[PDB]
Protein chains: 2
Amino acid sequence: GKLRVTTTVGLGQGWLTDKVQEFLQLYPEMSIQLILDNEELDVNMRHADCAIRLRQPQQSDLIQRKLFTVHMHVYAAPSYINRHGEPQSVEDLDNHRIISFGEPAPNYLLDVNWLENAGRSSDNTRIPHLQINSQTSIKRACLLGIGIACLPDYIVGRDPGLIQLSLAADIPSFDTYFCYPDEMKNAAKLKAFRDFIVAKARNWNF
Amino acid sequence: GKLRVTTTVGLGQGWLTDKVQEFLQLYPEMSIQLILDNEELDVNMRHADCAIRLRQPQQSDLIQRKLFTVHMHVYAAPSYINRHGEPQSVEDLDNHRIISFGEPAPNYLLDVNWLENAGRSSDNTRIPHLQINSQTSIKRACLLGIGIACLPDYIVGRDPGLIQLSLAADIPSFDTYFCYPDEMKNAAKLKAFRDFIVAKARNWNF
């Protein structure tokens, strides 16, 4: 039968789709609905059967497990570096083209505009060359050599084709969580998907 | 300066990001914000400066130009066909794994669940093996050989790596439109982007 899984658009497009292929090869009598939303769909309102969240769920009636820690890094394409050079510091970004998410951003999507704010006051941010409210499109724009991007590891992947820039600055990491309502704890379809996702998350050494 | 452009998530990710790279190479003193939303953001409320719509705008105060006609086709990966065979008809889909968008779908996103409904009554739809409310993730799932997908040409592209399936059924085509408020008609930044997008749309023979 059908399991409904909700997560953010970025995590759904960048990581979860490929994991669902691996899952459906193991459980061919299951079907999955991925509901990708940057608004946190209420799992208890039965919009989904489970969720992957980019922050710790605060609802006391959700069973939760930590999955993996996400790191944010700064990237550029070879085709950008070959034309514009490599920035050595956060201050060198003032001479570079930056790509960011823009506003509005979801309140739990941390540091998606980090390149605009890094080393600057909130009233004197960097002017981005491109903004796109889609992490996969920011990766695409970065690969096309439009500019420098700040991206999570689950978007970039193990073989990015991107140079990681060492700007002598740390971007905060955050934890991902699998969560589901107590009503679903005994459903075989949810146990199968939970235990698969927890196993895949532990093996996700980026 | 900054131009804000809104469109659907699918068109933004599948086509417009690559066109914005070409645009920003021509107009390096401009910046772009892409605002990707499947809800039709109101351009007259100044949420954006212009839009690309998948239906004809009904607002009488919007200047509009038809861009291109979009065709929907059915696709499978070589890795799917090599394992499951090729369906020869719409009825053969009953023995196949289908990938669809799911519900809720936006009211202007026509036929994103066509594979569920094709040759069936509304009360006896096909059970999809996978649903994802993201056209780019449906393409990815199709390329991974999860199942058969119905996709627009602007998602698939000229070199899809996908087999187009001839199911002896026509899926309705729809037109795309560029639109902007009359207030913006004289802005140099909007003229540049409009005339570029209109030229790119005419050259988009899929």
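As recorded by the PDB entry, chain A carries the name Transcriptional regulator, LysR family and is attributed to Agrobacterium fabrum str. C58. Listed as the entry title in the PDB record is "LysR Type Transcriptional Regulator LsrB from Agrobacterium tumefaciens".

Draft legend 1. Highlighting unusual backbone geometry. Residue and element names in this part refer to chain A. Here the bond from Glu-103 into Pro-104 is cis, since omega is 0 degrees, no more than 30 degrees from zero. Here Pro-104 is to be found in the loop between strand 6 (98–100) and helix 3 (114–117). One non-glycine residue with positive phi stands out, namely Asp-111, at about 60 degrees. Among the residues examined, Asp-111 registers a relative accessible area of 25% and is labelled partly exposed.

Draft legend 2. Quick peek at the sheet that holds strand 1 (residues 2–7) of chain A. Pairing in this open sheet of 10 strands is mixed, and the strands run 4(A)-10(A)-3(A)-1(A)-2(A)-7(B)-6(B)-8(B)-5(B)-9(B) from one edge to the other. Every other strand in the sheet has two partners, leaving strand 4 (62–70) of chain A together with strand 9 (163–165) of chain B as the edge strands with one partner each. Between one strand axis and the next, the sheet turns by 25 degrees as a mean value, whatever way the strands run. Here three bridges tie strand 5 (residues 72–76) of chain B to strand 9 of chain B, and the two strands are oriented antiparallel to one another. By the bridge assignment for strand 9 of chain B, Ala76(B) is matched with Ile163(B). Sheet strands touched by helix 1 (residues 9–26) of chain A: strand 1, strand 2 (31–36), strand 3 (50–53) and strand 4 of chain A together with strand 7 (130–132) of chain B. Its angle to strand 2 of chain A, the strand with the most contacts, is close to 175 degrees. Sitting on the sheet, helix 6 (residues 188–202) of chain A touches strand 1, strand 2, strand 3, strand 4 and strand 10 (174–181) of chain A, and the angle it makes with strand 4 of chain A is about 25 degrees.

The rules behind these values
- Residues numbered from 1 in each chain as written, not as in the entry; some residues may be left out.
- Chains lettered and ligands numbered in written order.
- Heavy atoms only, no water.
- Helix = DSSP H or I, 4+ residues; strand = E, 2+ residues; numbered from the N terminus.
- Buried < 20%, exposed > 50% of the residue type's maximum accessible area, 1.4 Å probe, protein only.
- Pairing = 2+ DSSP bridges.
- Axes fitted to C-alpha atoms, helices over the stretch in contact; angles between N-to-C directions.
- Contact = heavy atoms within 4.5 Å.

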